[PDB]
Amino acid sequence: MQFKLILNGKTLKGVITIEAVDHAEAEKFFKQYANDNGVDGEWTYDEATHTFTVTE
Ligand code: NA
Ligand SMILES: [Zn+2]
């Protein structure tokens, strides 16, 4: 399945899309991406479009 993260950072904007075998793995990956990049924001998830957003 495809999933998307929209990053609405203070000085970094982004869109990333992944291929993930299940919903848990996509969640886990975007968790780890958050820890790895020091992302501190408010999160949403839209199941209809498989879209996470994070807004710093
Ligand atoms: Na930023
Ligand atoms: Zn789904």
Side-chain angles (χ1 to χ4, degrees):
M1 285 176 295
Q2 296 273 304
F3 298 85
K4 180 189 282 157
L5 175 62
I6 296 161
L7 297 133
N8 185 15
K10 296 179 188 182
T11 55
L12 184 150
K13 280 52 161 74
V15 187
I16 72 187
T17 63
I18 63 178
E19 183 66 38
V21 304
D22 59 40
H23 289 75
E25 292 306 302
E27 169 74 44
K28 190 199 290 182
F29 177 86
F30 289 131
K31 248 187 278 196
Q32 191 62 18
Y33 186 89
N35 159 85
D36 289 4
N37 297 268
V39 179
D40 184 23
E42 65 195 66
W43 291 78
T44 69
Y45 180 69
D46 182 37
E47 175 54 31
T49 58
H50 269 195
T51 298
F52 300 82
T53 77
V54 66
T55 303
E56 290 177 337

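In what follows, every heavy atom counts, from backbone to side chain, and hydrogens, waters and symmetry copies are set aside. Numbers here simply count residues along the sequence, with the first being 1.
- In this structure, CG in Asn37 is found 8.0 Å from CG in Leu7, a value given to the nearest 0.5 Å.
- Taken to the nearest 0.5 Å, the CD atom of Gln2 stands 12.5 Å off from the OG1 atom of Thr49.
- Atom CZ in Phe29 sits 8.5 Å away from atom CG in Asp36 (nearest 0.5 Å).
- Side-chain atoms of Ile6 and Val54, non-hydrogen and from C-beta on, never get closer than 4.5 Å to each other.
- Separating the CZ atom in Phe3 from the CD atom in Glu25 is a distance of 10.0 Å, to the nearest 0.5 Å.
- One distance of note links CG of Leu5 with CD1 of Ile16; it measures 4.5 Å at 0.5 Å rounding.
- In this view, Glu42 and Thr55 satisfy the side-chain contact (heavy atoms from CB on, under 4.5 Å) rule, not counting sequence neighbours.
- Between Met1 and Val21 the shortest heavy-atom distance is CE-O, 3.8 Å.
- The minimum heavy-atom distance between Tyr45 and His23, with the atom names listed, is OH-CD2, 4.1 Å.
- Remark: side-chain polar atoms of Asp22 are paired, donor with acceptor, to backbone N or O of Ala24 under 3.5 angstrom.
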Please test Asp46 against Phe52 for side-chain contact (heavy atoms from CB on, under 4.5 Å), starting from the C-alpha separation and ending with a verdict. CA-CA 6 Å; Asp46 182 37; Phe52 300 82; over 6 Å; no
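- Put simply, NZ on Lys13 and CD on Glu56 are 8.5 Å apart, with the number rounded to the nearest 0.5 Å.
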